[PDB]
Amino acid sequence: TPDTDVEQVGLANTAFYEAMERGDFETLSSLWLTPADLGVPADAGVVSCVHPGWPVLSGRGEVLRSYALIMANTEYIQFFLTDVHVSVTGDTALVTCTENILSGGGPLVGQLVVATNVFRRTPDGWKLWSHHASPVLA
Amino acid sequence: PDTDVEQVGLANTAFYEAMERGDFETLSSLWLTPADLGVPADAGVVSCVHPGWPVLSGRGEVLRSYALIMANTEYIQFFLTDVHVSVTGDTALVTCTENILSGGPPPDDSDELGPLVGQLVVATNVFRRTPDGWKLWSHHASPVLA
Ligand SMILES: [Cl-]
Ligand SMILES: [Cl-]
Ligand SMILES: [Mg+2]
């Protein structure tokens, strides 16, 4: 269903951020697409990630490496998501949101970030194909 | 497959070219409409993030922004590098580096343009298979910051 899809895509999005918040690398890894998830040259299922102000990370290794690092370097992170919009088309879903981030590596510093997350439908649930996050600059 | 990658590449190329040459009609046509999909779950609703901007949602917000950008940009060229395409079913994901060169109006009649400025930007573009070709669903661009 449409309503169901939107809801399940939302839950997948929440999980992704919750996994960061609790420093749960195993879950986080599980939430990202693998070509096996797809049942695998046109690089079907190949993932990427842009962290705020970063160049592009490609493939599970660079991507998961960066999250393992981030988590290993952060003592405290909370995401307060707003303006969340979901678009589901076929077996792909597009989520945009504002990431209002508070972190501590330590004094709490806030970031205003916007993200586009792309999800893919798999038997094991909606999986991340791409995360692109960027600063909102004045 | 081998063809999909090439067609997507072509659509991605056409998108940047339209902007370069300030072709609103082509740019408009390159962005998805829900009619392209045959239209809830906001099937085929587009979004756009320009460097440093918040999110623009829906064709109206997105196209308005392109008219404005074009109107306020005397000269722009993109030089894409490190383009990568990933096709899965009816969706394609393209990441790239936008090496952007722009310029404003000149101080006077003795010059063609104002000084030129470069930007290092990276993008994730999400395309969608339609009977009329690959159409943009999302463009998200961001500065690469030191
Ligand atoms: Cl699809
Ligand atoms: Cl820059
Ligand atoms: Mg060019």
# chains A, B, ... in the order shown; residues from 1 in each chain; ligands from 1
$ interface_residues --of "chain B" --to "chain A" --cutoff "10 Å" --atoms "only C-alpha atoms" --output "NGL selection string"
:B and (1-6 or 34 or 37 or 40-57 or 82 or 84-97 or 120-124 or 126 or 128 or 137-146)
$ residues_near_ligand --ligand "ligand 3" --cutoff "8 Å" --atoms "only C-alpha atoms and all ligand atoms" --output "VMD selection string"
chain B and resid 16 to 17 20 77 to 80
$ write_last_selection --atoms "C-alpha atoms" --output "PDB file, in the first residue's frame"
ATOM      1  CA  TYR B  16      23.805  20.623 -17.047  1.00  0.00           C
ATOM      2  CA  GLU B  17      23.910  21.815 -20.623  1.00  0.00           C
ATOM      3  CA  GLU B  20      24.698  26.424 -19.072  1.00  0.00           C
ATOM      4  CA  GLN B  77      29.799  26.489 -17.087  1.00  0.00           C
ATOM      5  CA  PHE B  78      29.891  23.056 -15.509  1.00  0.00           C
ATOM      6  CA  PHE B  79      32.793  20.717 -15.961  1.00  0.00           C
ATOM      7  CA  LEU B  80      31.785  17.405 -14.500  1.00  0.00           C
TER       8      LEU B  80
END
$ select_by_dssp --residues "region 59-105 of chain B" --states "strand (DSSP E or B)" --output "tab-separated table (two decimals) with N, CA and C atoms, in the first residue's frame"
chain	number	residue	atom	x	y	z
B	75	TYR	N	26.98	34.23	-16.65
B	75	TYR	CA	27.71	33.13	-17.29
B	75	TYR	C	27.88	31.99	-16.35
B	76	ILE	N	27.62	30.79	-16.85
B	76	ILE	CA	27.94	29.56	-16.08
B	76	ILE	C	28.34	28.40	-16.95
B	77	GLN	N	29.40	27.74	-16.49
B	77	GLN	CA	29.80	26.49	-17.09
B	77	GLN	C	30.04	25.45	-16.00
B	78	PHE	N	29.56	24.24	-16.30
B	78	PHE	CA	29.89	23.06	-15.51
B	78	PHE	C	30.85	22.19	-16.28
B	79	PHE	N	31.83	21.70	-15.53
B	79	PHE	CA	32.79	20.72	-15.96
B	79	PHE	C	32.73	19.56	-14.99
B	80	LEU	N	32.02	18.53	-15.39
B	80	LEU	CA	31.79	17.41	-14.50
B	80	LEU	C	32.99	16.48	-14.50
B	81	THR	N	33.29	16.03	-13.31
B	81	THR	CA	34.23	14.98	-13.17
B	81	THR	C	33.78	13.88	-12.26
B	82	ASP	N	34.44	12.77	-12.46
B	82	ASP	CA	34.32	11.59	-11.62
B	82	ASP	C	32.88	11.17	-11.54
B	83	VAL	N	32.26	11.18	-12.71
B	83	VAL	CA	30.84	10.84	-12.84
B	83	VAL	C	30.62	9.36	-12.60
B	84	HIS	N	29.74	9.03	-11.69
B	84	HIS	CA	29.41	7.62	-11.51
B	84	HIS	C	27.92	7.33	-11.57
B	85	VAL	N	27.59	6.31	-12.35
B	85	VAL	CA	26.19	5.88	-12.55
B	85	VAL	C	25.86	4.49	-12.00
B	86	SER	N	24.76	4.43	-11.27
B	86	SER	CA	24.25	3.19	-10.73
B	86	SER	C	22.78	3.03	-11.10
B	87	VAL	N	22.48	2.03	-11.91
B	87	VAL	CA	21.11	1.78	-12.36
B	87	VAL	C	20.57	0.56	-11.66
B	88	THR	N	19.39	0.74	-11.07
B	88	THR	CA	18.66	-0.33	-10.42
B	88	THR	C	17.19	-0.29	-10.81
B	91	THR	N	15.20	3.21	-11.62
B	91	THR	CA	15.89	4.32	-11.00
B	91	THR	C	17.38	4.28	-11.24
B	92	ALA	N	17.92	5.47	-11.44
B	92	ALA	CA	19.35	5.64	-11.62
B	92	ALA	C	19.87	6.68	-10.65
B	93	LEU	N	21.03	6.36	-10.09
B	93	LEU	CA	21.72	7.26	-9.18
B	93	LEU	C	23.05	7.64	-9.78
B	94	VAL	N	23.22	8.94	-9.89
B	94	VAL	CA	24.40	9.53	-10.45
B	94	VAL	C	25.01	10.48	-9.45
B	95	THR	N	26.26	10.23	-9.07
B	95	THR	CA	27.07	11.16	-8.27
B	95	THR	C	28.14	11.78	-9.16
B	96	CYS	N	28.44	13.04	-8.91
B	96	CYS	CA	29.51	13.65	-9.65
B	96	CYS	C	30.06	14.84	-8.94
B	97	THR	N	31.20	15.26	-9.46
B	97	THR	CA	31.82	16.54	-9.06
B	97	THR	C	31.49	17.60	-10.09
B	98	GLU	N	30.83	18.65	-9.63
B	98	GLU	CA	30.50	19.82	-10.44
B	98	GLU	C	31.61	20.81	-10.22
B	99	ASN	N	32.49	20.90	-11.21
B	99	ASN	CA	33.48	21.98	-11.27
B	99	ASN	C	32.82	23.15	-12.01
B	100	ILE	N	32.43	24.13	-11.21
B	100	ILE	CA	31.58	25.25	-11.66
B	100	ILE	C	32.37	26.55	-11.82
B	101	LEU	N	32.18	27.13	-13.00
B	101	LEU	CA	32.80	28.39	-13.37
B	101	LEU	C	31.68	29.33	-13.68
B	102	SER	N	31.62	30.43	-12.95
B	102	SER	CA	30.63	31.46	-13.27
B	102	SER	C	31.19	32.86	-13.22
B	103	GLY	N	30.37	33.76	-13.71
B	103	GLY	CA	30.70	35.17	-13.82
B	103	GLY	C	29.50	36.07	-13.90
$ residues_around --residues "region 19-21 of chain A" --least-positions-apart "2" --cutoff "9 Å" --atoms "only C-alpha atoms" --output "ChimeraX atom specification"
/A:14-17,23-28,67,70-71,76-79
$ write_last_selection --atoms "N, CA and C atoms" --output "mmCIF file, in the first residue's frame"
data_model
loop_
_atom_site.group_PDB
_atom_site.id
_atom_site.type_symbol
_atom_site.label_atom_id
_atom_site.label_comp_id
_atom_site.auth_asym_id
_atom_site.auth_seq_id
_atom_site.Cartn_x
_atom_site.Cartn_y
_atom_site.Cartn_z
ATOM 1 N N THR A 14 13.992 6.723 10.291
ATOM 2 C CA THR A 14 14.162 6.908 11.754
ATOM 3 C C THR A 14 15.234 6.006 12.335
ATOM 4 N N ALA A 15 15.187 4.744 11.918
ATOM 5 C CA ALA A 15 16.131 3.697 12.378
ATOM 6 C C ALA A 15 17.569 4.051 12.088
ATOM 7 N N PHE A 16 17.752 4.528 10.872
ATOM 8 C CA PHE A 16 19.036 5.000 10.352
ATOM 9 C C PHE A 16 19.647 6.022 11.297
ATOM 10 N N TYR A 17 18.835 7.010 11.700
ATOM 11 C CA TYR A 17 19.301 8.119 12.582
ATOM 12 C C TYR A 17 19.418 7.632 14.048
ATOM 13 N N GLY A 23 25.079 4.742 18.548
ATOM 14 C CA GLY A 23 26.412 4.269 18.180
ATOM 15 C C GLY A 23 26.425 2.811 17.777
ATOM 16 N N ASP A 24 25.310 2.390 17.194
ATOM 17 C CA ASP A 24 25.075 0.991 16.805
ATOM 18 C C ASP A 24 25.504 0.705 15.381
ATOM 19 N N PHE A 25 26.754 0.284 15.223
ATOM 20 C CA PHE A 25 27.350 0.207 13.892
ATOM 21 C C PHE A 25 26.781 -0.966 13.130
ATOM 22 N N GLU A 26 26.488 -2.028 13.848
ATOM 23 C CA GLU A 26 26.015 -3.256 13.214
ATOM 24 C C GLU A 26 24.657 -3.042 12.542
ATOM 25 N N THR A 27 23.755 -2.396 13.264
ATOM 26 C CA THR A 27 22.458 -2.041 12.732
ATOM 27 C C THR A 27 22.622 -1.110 11.546
ATOM 28 N N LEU A 28 23.338 -0.018 11.777
ATOM 29 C CA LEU A 28 23.625 0.942 10.726
ATOM 30 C C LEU A 28 24.115 0.248 9.451
ATOM 31 N N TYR A 67 31.134 5.921 8.573
ATOM 32 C CA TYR A 67 30.175 5.869 9.697
ATOM 33 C C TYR A 67 30.763 5.250 10.953
ATOM 34 N N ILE A 70 32.899 8.010 12.311
ATOM 35 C CA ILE A 70 32.063 9.090 12.879
ATOM 36 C C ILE A 70 31.613 8.670 14.254
ATOM 37 N N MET A 71 31.104 7.448 14.308
ATOM 38 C CA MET A 71 30.581 6.904 15.564
ATOM 39 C C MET A 71 31.692 6.745 16.567
ATOM 40 N N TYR A 76 28.435 11.923 21.842
ATOM 41 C CA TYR A 76 26.991 12.188 21.910
ATOM 42 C C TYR A 76 26.476 12.798 20.608
ATOM 43 N N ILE A 77 25.427 12.187 20.057
ATOM 44 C CA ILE A 77 24.714 12.769 18.910
ATOM 45 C C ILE A 77 23.217 12.561 19.002
ATOM 46 N N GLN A 78 22.482 13.647 18.803
ATOM 47 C CA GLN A 78 21.033 13.547 18.612
ATOM 48 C C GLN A 78 20.587 14.275 17.363
ATOM 49 N N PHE A 79 19.750 13.600 16.586
ATOM 50 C CA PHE A 79 19.088 14.212 15.430
ATOM 51 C C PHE A 79 17.632 14.518 15.739
#
$ residues_around --residues "residue 27 (chain B)" --least-positions-apart "3" --cutoff "6 Å" --atoms "only C-alpha atoms" --output "list in words"
residues 18, 24 and 30 of chain B
$ write_last_selection --atoms "C-alpha atoms" --output "mmCIF file, in the first residue's frame"
data_model
loop_
_atom_site.group_PDB
_atom_site.id
_atom_site.type_symbol
_atom_site.label_atom_id
_atom_site.label_comp_id
_atom_site.auth_asym_id
_atom_site.auth_seq_id
_atom_site.Cartn_x
_atom_site.Cartn_y
_atom_site.Cartn_z
ATOM 1 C CA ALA B 18 20.413 23.326 -20.407
ATOM 2 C CA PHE B 24 14.359 26.666 -19.395
ATOM 3 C CA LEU B 30 14.091 17.017 -17.983
#
$ select_by_dssp --residues "region 11-119 of chain B" --states "helix (DSSP H, G or I)" --output "count of residues only"
33
$ closest_residue --among "B:119, B:105, B:133, B:127" --to "ligand 1" --atoms "only C-alpha atoms and all ligand atoms"
B:127
$ atom_distance --atom1 "CA of residue 117 (chain B)" --atom2 "CA of residue 31 (chain B)"
27.3 Å
$ atom_distance --atom1 "CA of residue 129 (chain B)" --atom2 "CA of residue 28 (chain B)"
16.2 Å
$ atom_distance --atom1 "atom 1 (Cl, counted along the ligand's line) of ligand 1" --atom2 "CA of residue 19 (chain B)"
26.9 Å
$ decode --residues "region 86-101 of chain B" --atoms "N, CA, C and O atoms" --output "tab-separated table (two decimals), in the first residue's frame"
chain	number	residue	atom	x	y	z
B	86	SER	N	24.76	4.43	-11.27
B	86	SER	CA	24.25	3.19	-10.73
B	86	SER	C	22.78	3.03	-11.10
B	86	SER	O	21.95	3.81	-10.69
B	87	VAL	N	22.48	2.03	-11.91
B	87	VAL	CA	21.11	1.78	-12.36
B	87	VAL	C	20.57	0.56	-11.66
B	87	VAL	O	21.22	-0.48	-11.60
B	88	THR	N	19.39	0.74	-11.07
B	88	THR	CA	18.66	-0.33	-10.42
B	88	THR	C	17.19	-0.29	-10.81
B	88	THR	O	16.44	0.52	-10.31
B	89	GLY	N	16.78	-1.19	-11.69
B	89	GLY	CA	15.40	-1.18	-12.16
B	89	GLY	C	15.13	0.09	-12.93
B	89	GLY	O	15.72	0.32	-13.99
B	90	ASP	N	14.23	0.92	-12.41
B	90	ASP	CA	13.76	2.08	-13.15
B	90	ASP	C	14.27	3.37	-12.55
B	90	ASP	O	13.81	4.45	-12.91
B	91	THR	N	15.20	3.21	-11.62
B	91	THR	CA	15.89	4.32	-11.00
B	91	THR	C	17.38	4.28	-11.24
B	91	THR	O	18.03	3.24	-11.23
B	92	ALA	N	17.92	5.47	-11.44
B	92	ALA	CA	19.35	5.64	-11.62
B	92	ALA	C	19.87	6.68	-10.65
B	92	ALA	O	19.25	7.73	-10.40
B	93	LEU	N	21.03	6.36	-10.09
B	93	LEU	CA	21.72	7.26	-9.18
B	93	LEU	C	23.05	7.64	-9.78
B	93	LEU	O	23.87	6.79	-10.12
B	94	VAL	N	23.22	8.94	-9.89
B	94	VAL	CA	24.40	9.53	-10.45
B	94	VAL	C	25.01	10.48	-9.45
B	94	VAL	O	24.37	11.39	-9.04
B	95	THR	N	26.26	10.23	-9.07
B	95	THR	CA	27.07	11.16	-8.27
B	95	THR	C	28.14	11.78	-9.16
B	95	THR	O	28.62	11.15	-10.11
B	96	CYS	N	28.44	13.04	-8.91
B	96	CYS	CA	29.51	13.65	-9.65
B	96	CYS	C	30.06	14.84	-8.94
B	96	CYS	O	29.51	15.33	-7.94
B	97	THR	N	31.20	15.26	-9.46
B	97	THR	CA	31.82	16.54	-9.06
B	97	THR	C	31.49	17.60	-10.09
B	97	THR	O	31.77	17.44	-11.25
B	98	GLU	N	30.83	18.65	-9.63
B	98	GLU	CA	30.50	19.82	-10.44
B	98	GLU	C	31.61	20.81	-10.22
B	98	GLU	O	31.73	21.39	-9.17
B	99	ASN	N	32.49	20.90	-11.21
B	99	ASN	CA	33.48	21.98	-11.27
B	99	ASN	C	32.82	23.15	-12.01
B	99	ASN	O	32.62	23.13	-13.24
B	100	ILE	N	32.43	24.13	-11.21
B	100	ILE	CA	31.58	25.25	-11.66
B	100	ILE	C	32.37	26.55	-11.82
B	100	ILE	O	33.14	26.96	-10.95
B	101	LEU	N	32.18	27.13	-13.00
B	101	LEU	CA	32.80	28.39	-13.37
B	101	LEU	C	31.68	29.33	-13.68
B	101	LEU	O	30.86	29.05	-14.53
